[PDB]
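Here the structure is laid out as structure tokens; the discussion comes afterwards.
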Amino acid sequence: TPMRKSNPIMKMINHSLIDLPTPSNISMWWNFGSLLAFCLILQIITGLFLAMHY
Amino acid sequence: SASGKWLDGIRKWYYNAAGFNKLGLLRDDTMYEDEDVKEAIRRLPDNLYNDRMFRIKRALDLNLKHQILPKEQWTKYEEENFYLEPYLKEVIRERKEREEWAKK
Amino acid sequence: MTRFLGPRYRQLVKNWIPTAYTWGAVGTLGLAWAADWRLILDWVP
Amino acid sequence: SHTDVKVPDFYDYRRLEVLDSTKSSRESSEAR
Amino acid sequence: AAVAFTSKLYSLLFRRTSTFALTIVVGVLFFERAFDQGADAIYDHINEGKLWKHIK
Amino acid sequence: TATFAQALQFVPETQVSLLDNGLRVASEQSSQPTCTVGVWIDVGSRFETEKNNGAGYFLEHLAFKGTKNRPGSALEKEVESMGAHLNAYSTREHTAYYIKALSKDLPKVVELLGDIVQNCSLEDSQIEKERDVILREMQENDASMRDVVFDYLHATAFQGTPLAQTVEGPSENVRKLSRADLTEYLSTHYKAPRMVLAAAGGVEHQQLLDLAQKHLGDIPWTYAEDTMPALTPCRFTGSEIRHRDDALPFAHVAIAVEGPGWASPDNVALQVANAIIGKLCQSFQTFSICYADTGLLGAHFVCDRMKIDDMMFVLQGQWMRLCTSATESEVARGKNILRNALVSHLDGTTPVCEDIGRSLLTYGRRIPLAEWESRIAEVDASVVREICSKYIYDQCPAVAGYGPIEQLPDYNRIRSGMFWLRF
Amino acid sequence: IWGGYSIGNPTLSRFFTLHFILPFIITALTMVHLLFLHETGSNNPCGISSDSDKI
Ligand SMILES: CCCCCCCCCCCCCCCCCC(=O)OC[C@H](COP(=O)([O-])OCC(O)COP(=O)([O-])OC[C@@H](COC(=O)CCCCCCCCCCCCCCCCC)OC(=O)CCCCCCCCCCCCCCCCC)OC(=O)CCCCCCCCCCCCCCCCC
Ligand SMILES: CCCCCCCCCCCCCCCCCC(=O)OC[C@H](COP(=O)([O-])OCC(O)COP(=O)([O-])OC[C@@H](COC(=O)CCCCCCCCCCCCCCCCC)OC(=O)CCCCCCCCCCCCCCCCC)OC(=O)CCCCCCCCCCCCCCCCC
Ligand SMILES: CCCCCCCCCCCCCCCCCC(=O)OC[C@H](COP(=O)([O-])OCC[N+](C)(C)C)OC(=O)CCCCCCCCCCCCCCCCC
Ligand SMILES: CCCCCCCC/C=C/CCCCCCCC(=O)OC[C@H](COP(=O)(O)OCCN)OC(=O)CCCCCCC/C=C/CCCCCCCC
Ligand code: HEM
Ligand code: HEM
Ligand SMILES: O=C1C(=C2CCC(c3ccc(Cl)cc3)CC2)C(O)=C(O)c2ccccc21
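Chains as they are written, first to last, in this note's numbering: chain Y, 349 to 402; chain G, 210 to 313; chain U, 1384 to 1428; chain X, 289 to 320; chain A, 512 to 567; chain L, 96 to 518; chain D, 38 to 92.
Here it is as structure tokens:
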């Protein structure tokens, strides 16, 4: 087997976002979840910094 | 009476507005696969099953390519085939019978 | 639904009524004991 | 074959509540 | 044969889980009060003369 | 035209009589050219001590091997020249010898039947031949797995009590039992007031009674010195026996609780319950096994090794369902199944004769089908709920398992399955 | 919730503690959300089953 599939943590990552089967025909409306996650991450980082002065 | 021609007129209008014919698809192709529909699809003979699968893949490819078939190849309202209805009616009868047994 | 109208369902509900009102008693008394609800607890000797 | 089967004795562990046998079986069960 | 105490206790109260639970809430209601009163009595008694409740 | 229940009135009566020595004669006449006649005896393995456990099976092996009046194979040749059949059996609690024959042969039949139970020739040579045969029959694994698990169940449930012990007994005993033991066994247990002479078919009752006085009336009746052995009273233990062997294809499992015995009424309702219960696995059954004062009430199944847990879950869930939530519609079906079984069993003379004998030993009397029908008609969902709760709900079971039984749940997990937290 | 007779200093620290802790609960629940999603897979614009054309 490839290391991609050798191990539980790695195999969960693989089933999540490498070898996951996705529809071929989904449109731009399906991009907004990943942007939501990005926004959450941005907020947490900028907040941890602000926190140290408020 | 005339009422038949009138109702069929509005029905044809609604069919052209829906536009799955532009993708080369039949009406029975467009059902959502609940439990009964999946069991009806299980019962199909091989030729119908294969035709359905290819038609659906072709529609998906077109949708990927933001395109449609040539007008010459659209599904016409007057010569369509409701190939799945009969099997579905039987599946639903069977389920109804079992329910009715379950309340006695 | 319309499915669950019939003899078996009536019999089945009757089978579970007592357990239902016993759990009701449990929940009521517990709530009262937990919130020192005087409206009920003032009647306990 | 199997017919030679016999559970070994558990006398040391069993409760006195069944050894003092002057009471029907199922009533004992209830007490325990 | 021998109607014994724990057997009556099993058959009346503990056999059914709802009633077991009800028994438990009812027991805690009364245990709480009895236990508090006993403890407060002991405490008060250990150090009479030094608490401001009575000096008041 | 009649109703079922009305047809039950046309079934003929069972006549019963007594001899002076206390042997009872029972018959049902059915106007046929063929008949079954036997002797049933109120003796079995639960009257044997560890010193002679296995004596009755030994005696059964050389019952038909010769009498004084008919040395050796003469008896066999006379049975075979009539065209008749001869059979026997032995149980935890009963023993039986019967013959199938033409109705013309009743005088000879009874004669032979009396010659067998009073005048067997226990010859040393034949004893040693049977000893070798039984040892050979025990050496190799000549037992079916079903028998193995049911023997294990009796051993764990009735441990420390005579019912735990098997009919065949241990091998250590058959290599050590003597003629003295056999003759003492017979002298102590084979007494007239413990015997029944039963007949079904084209047999007239008074003729049978005359023949019984002629050929069976000299059997003694005076129990002497109360020579009968003292033995331990009944007790049931919640326990498990596990025999692991991961090379066998499939796992066998048996689980019971304690039943009420022959005498109680409740049995009827329980049977109905059984019929309601009886996919995952290959094979499954429910059972009731009755004794004088106790019994086993439970189920037996075979599974692939990866599907034992689910199956136990399903079974215990059905039990809890019946205890808490039964309904009328299913109960009706179970009653009909039970009716069909009762009437189907009693077809032909042999089963009927057998029923007469067993009934007069267990009940003291033949119970007619009409009475059974009246008892069945009274059951209803409320009765089922009540009685199932009375014997199954929150009880400790006896468990036995044989095979690849790693996945058989732990005993605490099984015990916790006997009750519901939501009830 | 006020910790007093009115809005005041004791309420602001409560707002700040809660605002600090909630985003991480949001993160965990997002992971559960996606776990649930990946058991079936994504729907698509046509509303018909896409198992013949997965990439
Ligand atoms: C000082 C500040 C400066 C700011 C500068 C900002 C610069 C921004 C640059 C952005 C560049 C983006 C490039 C993206 C490339 C992506 C390529 C791709 O794959 O795209 C796929 C994606 C489509 O995805 P899809 O897979 O087809 O799926 C979508 C549908 O499912 C498909 O379904 P369908 O096929 O059925 O749909 C067909 C049709 C459906 O059509 C309809 O529904 C009908 C529409 C009819 C409209 C008619 C005219 C209007 C109405 C008039 C009605 C009459 C009124 C009468 C009144 C009477 C009164 C009496 O829809 C379309 O075709 C839509 C195409 C156009 C999309 C426009 C996107 C606009 C984005 C705006 C961003 C603004 C924020 C910027 C930042 C600001 C910061 C301050 O997009 C495209 O294909 C188009 C790409 C090109 C877009 C260019 C957008 C440029 C915007 C410039 C804005 C500048 C001004 C900002 C003002 C700010 C004010 C605060
Ligand atoms: C923190 C420190 C940590 C580190 C410590 C370190 C040391 C740790 C060492 C120890 C580690 C232990 C590990 C866990 C072992 C677990 C074993 C196990 O699962 O065995 C499986 C065990 C083995 O059986 P099996 O072989 O699987 O057979 C399955 C059969 O179906 C068997 O059938 P069955 O009929 O016999 O049993 C089924 C039934 C048996 O249970 C019952 O029927 C009832 C049991 C007693 C009554 C409990 C009622 C609780 C109701 C919810 C709370 C409200 C209470 C009243 C106040 C109302 C306030 C408005 O149970 C269920 O169906 C499960 C749910 C039961 C509760 C129903 C409510 C569900 C929703 C819960 C959330 C509610 C939130 C909102 C509340 C309202 C708004 C505040 O079977 C079970 O299913 C056991 C059930 C265990 C349930 C536990 C429930 C706990 C949660 C209670 C609520 C909490 C929220 C309270 C919020 C505030 C309001 C009061
Ligand atoms: C929202 C706030 C207010 C909530 C108030 C809650 C009110 C209800 C309280 C009920 C308490 C008693 C429930 C007993 C249920 C037993 C079920 C069971 O399975 O038992 C047998 C089981 C297993 O027993 P077993 O296996 O030996 O045998 C059981 C078999 N039968 C039933 C046949 C006898 O026993 C347990 O292990 C149960 C442990 C329960 C522990 C509960 C701890 C107390 C938690 C609640 C009180 C604290 C509330 C604080 C509120 C503060 C508000 C400011
Ligand atoms: C001192 C100044 C800093 C110097 C920095 C130097 C390093 C610069 C960056 C180098 C990046 C790494 C490039 C090479 C990676 C090689 C990975 C490798 O060989 O593993 C591949 C192979 C792939 O797996 P399979 O699919 O099973 O292969 C089967 C093939 N049929 O193995 C793996 O699974 C990957 C293993 C990854 C190992 C990565 C090691 C990284 C080491 C980094 C050291 C950095 C040092 C920094 C020092 C700073 C000053 C103190
Ligand atoms: C922090 C908030 C949220 C995050 C980070 C998040 C994240 C995601 C992501 C990454 C996906 C992958 C597919 C896609 O991008 O479309 C997704 C799908 C989905 N989300 Fe969420 N989401 C959030 C909130 C919500 C809300 C508020 C709803 C509904 C009210 C919702 C419902 C769904 C559904 C139904 C899907 C799958 C639908 C489909 O695949 O067709 N989510 N989400
Ligand atoms: C979903 C995640 C978050 C959202 C939606 C969010 C939202 C907000 C908003 C709207 C404000 C006020 C903006 C303003 O007054 O101009 C704010 C302020 C603040 N947030 Fe965040 N926040 C998030 C995460 C975090 C995290 C993880 C922290 C960690 C400490 C944090 C720390 C702060 C602080 C210290 C302030 C006050 C500073 C200021 O007002 O500029 N935030 N937040
Ligand atoms: O973007 C995703 C997606 C995921 C990609 C990775 C993202 C992500 C966000 C943050 C980090 Cl640190 C890593 C990955 C989370 C969303 C995911 O699980 C899907 O199932 C999916 C399906 C259709 C279209 C898009 C997606």
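Beta carbons are placed, not taken as given, at the ideal position from N, Cα and C, and that holds for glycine.
In summary, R220(G) is exposed, with fewer than 16 beta-carbon neighbours lying within 10 Å of its beta-carbon over all protein chains present.
Contact of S79(D) with chain G by beta-carbon distance below 8 Å is absent, the smallest such distance being about 13 Å.
The C-alpha of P492(L) is placed about 50 Å away from the C-alpha of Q301(L). Note that the region 499-512 of chain L does not touch the region 46-60 of chain D; fewer than 3 beta-carbon pairs, one per stretch, sit closer than 8 Å.
Burial is judged here by how many other beta carbons sit within 10 angstroms of a residue's own beta carbon; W135(L) has at least 16 and is buried. Three or more pairs of CB atoms, one per stretch, sit closer than 8 Å, so the region 273-280 of chain G contacts the region 223-239 of chain G. Minimum Cα-Cα distance from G297(L) among the listed residues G512(L), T445(L), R517(L) corresponds to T445(L). Neighbours of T528(A) across chain L, judged by C-beta separation under 8 Å: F514, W515, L516, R517, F518. Against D276(L), chain A offers no close residue; the least beta-carbon distance is about 39 Å (beta-carbon pairs closer than 9 Å). Within the same chain, Cβ atoms closer than 8 Å to the Cβ of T129(L) are found at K195, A196, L197, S198, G296, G297, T444, the five residues on either side in sequence being excluded. Put simply, the CB of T310(X) is far from chain L, with every gap to its CB atoms at 8 Å or more. Spatial neighbours of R274(L) in its own chain (CB-CB distance under 8 Å, excluding positions within 5 residues in sequence) are listed in chain order as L217, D219, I222. For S424(L), a Cβ of chain U is located within less than 8 Å of the residue's own Cβ. For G381(Y), the Cβ stays outside the 7 Å cut-off from all heavy atoms of ligand 6. The beta-carbon of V514(A) is placed no less than 8 Å from the nearest beta-carbon of chain U. At a cut-off of 8 Å, the C-beta of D237(L) has no neighbouring C-beta in chain A.
When rounded, the separation of the alpha-carbon atoms in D450(L) and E188(L) is 15 Å. In this structure, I336(L) lies near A250(L), with their beta-carbon atoms less than 8 Å apart.
Per DSSP, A394(L) is one residue of the beta strand (DSSP E) stretching across 390-398. One Cα belongs to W414(L), the other to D489(L), and the distance between them is close to 11 Å.
Put simply, the region 357-371 of chain Y touches the region 73-86 of chain D. At least three CB pairs are less than 8 Å apart. Contacts between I62(D) and chain Y, judged by CB atoms closer than 8 Å, are missing: the closest CB pair is about 12 Å apart. Between ligand 1 and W377(Y), a heavy atom-to-CB distance of less than 7 Å is present.
Straight through space, the alpha carbons of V514(A) and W467(L) are spaced by roughly 35 Å.
Rounded to whole angstroms, the separation of the alpha carbons of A370(L) and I265(G) is 51 Å. If you draw a straight line from the Cα of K353(Y) to the Cα of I366(Y), it is about 11 Å long. The beta-carbon distance between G393(L) and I350(L), rounded to whole angstroms, is 5 Å. This is short enough to meet the 8 Å contact definition. For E308(G), the chain U residues whose C-beta falls within less than 8 Å of its own C-beta are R1386, listed in chain order. DSSP, reduced to helix, strand and coil, places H347(L) within a strand of the structure shown.
Put simply, of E288(G), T284(G), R304(G) the residue whose alpha carbon is nearest the alpha carbon of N225(G) is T284(G). Contact with chain A is absent for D505(L), since none of that chain's Cβ atoms lies less than 8 Å from the residue's Cβ. When secondary structure is reduced to three states using DSSP, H180(L) falls in the strand class.
Apart from sequence neighbours up to five positions away, the residues of its chain that approach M358(Y) with a beta-carbon distance below 8 Å are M351, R352, ordered along the chain. Residue environment: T98(L) is assigned as exposed (fewer than 16 neighbouring CB atoms within 10 Å of its CB, all protein chains considered).
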